[PDB]
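See below for the structure under consideration.
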Amino acid sequence: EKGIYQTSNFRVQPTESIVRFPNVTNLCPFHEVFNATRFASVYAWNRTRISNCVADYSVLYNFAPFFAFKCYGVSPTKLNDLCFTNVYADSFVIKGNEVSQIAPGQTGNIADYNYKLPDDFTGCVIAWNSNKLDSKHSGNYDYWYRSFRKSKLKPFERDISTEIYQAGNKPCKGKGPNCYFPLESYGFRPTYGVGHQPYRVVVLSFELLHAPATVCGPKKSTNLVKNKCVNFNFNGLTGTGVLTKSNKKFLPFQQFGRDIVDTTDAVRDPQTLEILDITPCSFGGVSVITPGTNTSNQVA
Amino acid sequence: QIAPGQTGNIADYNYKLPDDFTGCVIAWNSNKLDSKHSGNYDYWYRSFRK
Amino acid sequence: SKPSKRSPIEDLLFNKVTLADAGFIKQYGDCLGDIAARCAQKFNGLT
Amino acid sequence: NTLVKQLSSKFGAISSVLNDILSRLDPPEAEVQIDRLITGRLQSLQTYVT
Amino acid sequence: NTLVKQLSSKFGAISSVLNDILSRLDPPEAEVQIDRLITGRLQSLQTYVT
Amino acid sequence: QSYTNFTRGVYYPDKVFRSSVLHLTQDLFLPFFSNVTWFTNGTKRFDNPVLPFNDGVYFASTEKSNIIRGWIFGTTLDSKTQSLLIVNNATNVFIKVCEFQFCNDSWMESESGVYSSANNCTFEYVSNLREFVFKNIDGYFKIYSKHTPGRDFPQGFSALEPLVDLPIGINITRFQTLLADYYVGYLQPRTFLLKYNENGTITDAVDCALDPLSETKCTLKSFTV
Ligand SMILES: *[C@@H]1O[C@H](CO)[C@@H](O[C@@H]2O[C@H](CO)[C@@H](O)[C@H](O)[C@H]2NC(C)=O)[C@H](O)[C@H]1NC(C)=O
Ligand SMILES: *[C@@H]1O[C@H](CO)[C@@H](O)[C@H](O)[C@H]1NC(C)=O
Ligand SMILES: *[C@@H]1O[C@H](CO)[C@@H](O)[C@H](O)[C@H]1NC(C)=O
Ligand SMILES: *[C@@H]1O[C@H](CO)[C@@H](O)[C@H](O)[C@H]1NC(C)=O
Ligand SMILES: *[C@@H]1O[C@H](CO)[C@@H](O)[C@H](O)[C@H]1NC(C)=O
Ligand SMILES: *[C@@H]1O[C@H](CO)[C@@H](O)[C@H](O)[C@H]1NC(C)=O
Ligand SMILES: *[C@@H]1O[C@H](CO)[C@@H](O)[C@H](O)[C@H]1NC(C)=O
């Protein structure tokens, strides 16, 4: 029928794609934790930090097959894009039946007394079966775990106290009148079953919310197009828009900017440190004006 | 690894189900008849892939 | 004598009321300043 | 102002930004996080229109 | 009376009482059950206001 | 000693540039008009105070000689502590971390601490009002500063930019100063309405729980009601 109808929407498509990752250092310090000769006890789990490095996760797939590989907030195969902004890595040895306890929100003697992940946890828990290296025919007693504590642990706390714990009512000193040593050894043996065999667990802990990053990006960068509708990837922030020269007085402190409604409207180029504004590519509704089928097939 | 959403040498290079796959994955232990003391060399996996 | 040929009272009535939506070809504003917020500034699909 | 500001809400998702969900997660997990955002966005739009 | 009555509904949750959900379940499932009760109660308020 | 009265301790809570907005955010801040403890007892001896950490602290020196330069944080302040020794001619420089067994706390002299071994981490970084206003909180000790040149407070508004965010990872139950007119306060969870300028700077703030008015201002997200 004669009239004006709103039928669709125009979008300006990008013509080029860009990636602007920071200068690559070619440092990938991941074999130091995965390929270490000794791992820490779970009661005193080890912690390292990764900064000013570039990661390539194929190396750990080259390192070994794994018993378990569970990521929260991120999936495998997506770690070759920007994957970290602040990097820690925890390392410990645990029992097979307790491997399921290294996960957000779990309870048990390790989740409660030795090592706990926050409920709001982003990262990957990688478990390798280590019987060949950690078990001894007499039992490997270098690994200790805490069995007694007065209260539950909080996320990422490390309780390394060895003070005697009492389960009874009469305050005792020393060991054996209801006073017990808080740690117990586990003698790992080659003859134990899968759930009792030793496992080496590495937990990669990071946050993807912060604007700057000093880690990740095996991807090659491109040249910086400006004043043209393009796709872009700036330190893991992806989108479509027109990039322009900025006159915003960013502090050396600030990395990203946002508009009145808390959506990104500016970035600091990771290689040039120039401030660029982001204007989304033009779009809008499209309406068709027709005299109607019974008059003419011309439209505006 | 024979399940939707899994990764590994088979899920990546030999046999991957759709992530919206429907149907049944049935498996059983064949050691009694399939294995040989000299080794059964009739089975192999691609083990790498671009 | 005035553009739009409004009466003095109409001129006051229009000057007193502040219009936040300001419908026009919003692309004219372009950028070069902090976003006005006029309330999606088109970009979030609200026009 | 309220309808636009609702875009920044998570509604239980890991991130309020759809591109971050698509970048971080593979399809089968992204679909769940996206469905959570879609539900929130429909509630916001239906309330606005009402 | 309808709004108060709706507080006793489960809306698909295992329990209508938040303290029972938090006491009996682990945080991971408890957040889902709470999100279901929040969705139902928020819909009840939106219906009342409309 | 005595207590003072000021509206200080505002800092940029995040790394995101904002301008010409009123931003309502929740973080740990020194509350407005919160009791602040104000501080030559040593002369030639020590007798320095030891303070709690609670959730986090605000500290601001205005001392020509920078007599207080470093700090020790820890669960008990015994032999296994976090000795955050910071000696600075510059704003912040020569940071040290983790435990040392003994401390240095000699007229117009300053002695170094002597320890037998470092059995834990080591970290380093090298760089009339000279107000070293800063904040201490979280798994990383985010130290902020602002220098706005007598030494009495103007009782104005000024925001603090971050200076350093070195990793820490320790309990930090207690706090004490390291010495060779100081203000020390404590942070609490608070929601603030922060006013941003045309430039990337904060010019004012409303403490959303101080009084009924400020709460109304936060409810409306405006400095005018
Ligand atoms: C933000 O900083 C700029 C300088 O980087 C300030 O620019 C001044 O603007 C006034 C008024 O236009 C001029 O008279 C000055 O000469 C400018 N200074 C310089 C160094 O060019 C700007 O005013 C600042 N904005 C605010 C809100 O303080
Ligand atoms: C590192 O991994 C390789 C894998 O072949 C192994 O041979 C080597 O011994 C490992 N390094 C150490 C110190 O064990
Ligand atoms: C623990 O991590 C540190 C990181 O610097 C490393 O030097 C040390 O050898 C590790 N120890 C064990 C037992 O893994
Ligand atoms: C940290 O110190 C507090 C002292 O208030 C203590 O209660 C808590 O158990 C300590 N935690 C660890 C992991 O040392
Ligand atoms: C990256 O390297 C280039 C080499 O030309 C240099 O000009 C640029 O400043 C570097 N950027 C950073 C952030 O190091
Ligand atoms: C369209 O863009 C041209 C660019 O030269 C400008 O002169 C004109 O005023 C613009 N018109 C509108 C309606 O935006
Ligand atoms: C608080 O009281 C002190 C008393 O010396 C005074 O100097 C200060 O100006 C007062 N603050 C305000 C904001 O009135």
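Here the protein sequences line up with chains A, B, C, D, E and F, keeping their order. What the first sequence shows, in PDB author numbering, is residues 309 to 482, 484 to 609, in sequence order. Here PDB author numbering is used: the first residue of the second sequence is 409, the next is one more, and so on. What the third sequence shows, in PDB author numbering, is residues 810 to 847, 851 to 859, in sequence order. Here PDB author numbering is used: the first residue of the fourth sequence is 960, the next is one more, and so on. Here PDB author numbering is used: the first residue of the fifth sequence is 960, the next is one more, and so on. What the sixth sequence shows, in PDB author numbering, is residues 26 to 30, 32 to 65, 73 to 138, 151 to 172, 188 to 209, 213 to 243, 264 to 308, in sequence order. A virtual CB, placed ideally from N, CA and C, is assigned to each residue, including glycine.
task = Can you have a look at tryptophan 353 of chain A and say buried or exposed, based on whether 16 or more other CB atoms are within 10 angstroms of its CB?
result = Classification of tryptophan 353 of chain A: buried, given that the 10 Å Cβ count is 16 or more.
Would you kindly report the start and end of the unbroken beta strand (DSSP E) that includes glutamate 298 of chain F?
Run containing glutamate 298 of chain F: none in the beta strand (DSSP E); it sits in the alpha helix (DSSP H), 295-303.
| message | Please state the DSSP three-state secondary structure of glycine 35 of chain F. | response | It is coil, neither helix nor strand.
Open item on the list: Rounding to the nearest angstrom, what Cα-Cα distance links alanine 609 of chain A and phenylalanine 318 of chain A in this structure?
Closed with: The straight-line gap from Cα to Cα measures roughly 15 angstroms.
- [ ] Report yes if the CB atom of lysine 460 of chain A is closer than 8 angstroms to the CB atom of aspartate 420 of chain A, and no otherwise.
- [x] Taking 8 angstroms as the cut-off, the Cβ atoms of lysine 460 of chain A and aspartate 420 of chain A count as close.
Going straight from the alpha carbon of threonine 531 of chain A to that of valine 327 of chain A, what length do you get?
A straight line joining the alpha-carbon of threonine 531 of chain A with that of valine 327 of chain A spans about 5 angstroms.
Considering just the uninterrupted stretch of the alpha helix (DSSP H) at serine 1003 of chain E, what are its terminal residues? Per DSSP, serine 1003 of chain E belongs to the alpha helix (DSSP H) from 986-1008.
**Message:** So for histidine 49 of chain F, helix, strand or coil by DSSP?
**Reply:** Residue state, collapsed to three classes: strand.
### Task
Measuring only between beta-carbons, confirm whether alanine 845 of chain C sits less than 8 angstroms from chain D.
No, its Cβ sits nowhere closer than 8 angstroms to a Cβ of chain D.
Quiz prompt | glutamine 965 of chain E - containing alpha helix (DSSP H), residue span | solution = 961-965 is the extent of the alpha helix (DSSP H) around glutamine 965 of chain E.
Q. Hey, does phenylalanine 855 of chain C have any beta-carbon neighbour from chain A nearer than 8 angstroms?
A. For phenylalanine 855 of chain C, the answer is yes, since a Cβ of chain A falls inside 8 angstroms of its Cβ.
Rounded Cβ spacing between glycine 381 of chain A and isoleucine 973 of chain D (contact assumed at less than 8 angstroms): At roughly 5 angstroms, the Cβ-Cβ gap stays under 8 angstroms, so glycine 381 of chain A and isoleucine 973 of chain D are in contact.
Helix, strand or coil: which one does DSSP assign to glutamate 340 of chain A? Residue state, collapsed to three classes: helix.
Q. Using DSSP with H/G/I as helix, E/B as strand and the rest coil, what is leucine 387 of chain A?
A. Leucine 387 of chain A falls in the coil class under three-state DSSP.
Can you list, in chain order, every residue whose CB sits closer than 6 angstroms to a heavy atom of ligand 2?
Those satisfying the condition are, in chain order, A:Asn343 and A:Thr345.
| query | For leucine 277 of chain F versus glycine 103 of chain F, is the C-beta spacing smaller than 8 angstroms? | reply | Taking 8 angstroms as the Cβ cut-off, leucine 277 of chain F and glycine 103 of chain F do not qualify as a contacting pair.
Checklist entry - Using a threshold of 7 angstroms, is the CB atom of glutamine 853 of chain C nearer than that to any non-hydrogen atom of ligand 6? => result Relative to ligand 6, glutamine 853 of chain C has its C-beta separated by 7 angstroms or more from all heavy atoms.
Are at least three pairs of beta-carbons, each pair with one atom in the stretch 434-449 of chain A and one in the stretch 490-501 of chain A, less than 8 angstroms apart? Touching, yes, given that three or more Cβ pairs across the two stretches are closer than 8 angstroms.
Measuring only the C-alpha atoms, how far is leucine 962 of chain D from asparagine 422 of chain A? Whole-angstrom Cα-Cα distance: 46 angstroms.
query: Which of the three DSSP states, helix, strand or coil, is assigned to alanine 419 of chain B?
result: The three-state secondary structure of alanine 419 of chain B, taken from DSSP, is helix.
* Could you list the residues in the stretch 153-171 of chain F with a C-beta less than 7 angstroms from some C-beta on chain A, going in chain order? => For the stretch 153-171 of chain F, the beta-carbon criterion of a distance under 7 angstroms to any beta-carbon of chain A is satisfied by none of its residues.
Start-to-end residues for the alpha helix (DSSP H) that takes in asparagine 824 of chain C: First-last of the alpha helix (DSSP H) with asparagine 824 of chain C: 817-825.
Q. So what does DSSP say about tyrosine 508 of chain A, is it helix, strand or coil?
A. Here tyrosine 508 of chain A sits in strand by DSSP.
ask   = Can you name the residues of chain D whose CB is closer than 7 angstroms to the CB of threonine 547 of chain A?
value = The answer, in chain order, is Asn978 and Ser982.
When the distance is taken between beta carbons, is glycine 35 of chain F closer than 8 angstroms to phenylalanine 55 of chain F? It is a contact, given that the beta carbons lie within the stated cut-off.
Next on the checklist: By alpha-carbon positions, which one of F:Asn188, F:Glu169 and F:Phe192 ends up nearest to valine 126 of chain F?
Outcome noted: The shortest C-alpha separation from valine 126 of chain F is found at F:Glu169.
Checking 8 angstroms against the spacing of the C-beta atoms, do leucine 117 of chain F and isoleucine 105 of chain F come in under that value?
Contact annotation: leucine 117 of chain F and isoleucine 105 of chain F have beta-carbon atoms nearer than 8 angstroms.
| request: Note down, in chain order, every chain F residue with its Cβ under 7 angstroms from the Cβ of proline 521 of chain A. | output: Annotation: Cβ neighbours of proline 521 of chain A in chain F (cutoff 7 angstroms, chain order): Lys41.
Report task. Tell me where the alpha helix (DSSP H) around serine 366 of chain A begins and ends. Result -> Counting along the chain, the alpha helix (DSSP H) containing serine 366 of chain A begins and ends at 366-371.
For chain A, check one thing: does any of its Cβ atoms lie closer than 8 angstroms to the Cβ of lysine 969 of chain D?
So, not an interface residue.
*asked:* Assuming contact is defined by CB atoms lying nearer than 8 angstroms, are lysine 304 of chain F and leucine 110 of chain F in contact in what I supplied?
replied: Their beta carbons are not under 8 angstroms apart, which means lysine 304 of chain F does not touch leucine 110 of chain F by this criterion.
Open item on the list: By alpha-carbon positions, which one of F:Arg190, F:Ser172, F:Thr124 and F:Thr167 ends up nearest to residue 309 of chain F?
Closed with: Only positions 26 to 308 of chain F appear in the structure, and residue 309 of chain F is not among them; the question remains open.
Practice problem: For chain A, find out if any of its Cβ atoms is closer than 8 angstroms to the Cβ of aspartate 985 of chain D; answer yes or no. | Solution: Cβ-Cβ to chain A under 8 angstroms: yes for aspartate 985 of chain D.
**Request:** Tell whether a beta-carbon distance below 8 angstroms holds between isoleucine 472 of chain A and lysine 458 of chain A.
**Result:** Using a Cβ distance threshold of 8 angstroms, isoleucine 472 of chain A and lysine 458 of chain A do not count as a contacting pair.
**OP:** Within the same chain, show all residues whose beta-carbon is closer than 6 angstroms to that of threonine 274 of chain F, passing over the 5 residues directly before and after it, in chain order.
**Re:** Result list for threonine 274 of chain F: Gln52 and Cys291, in chain order.
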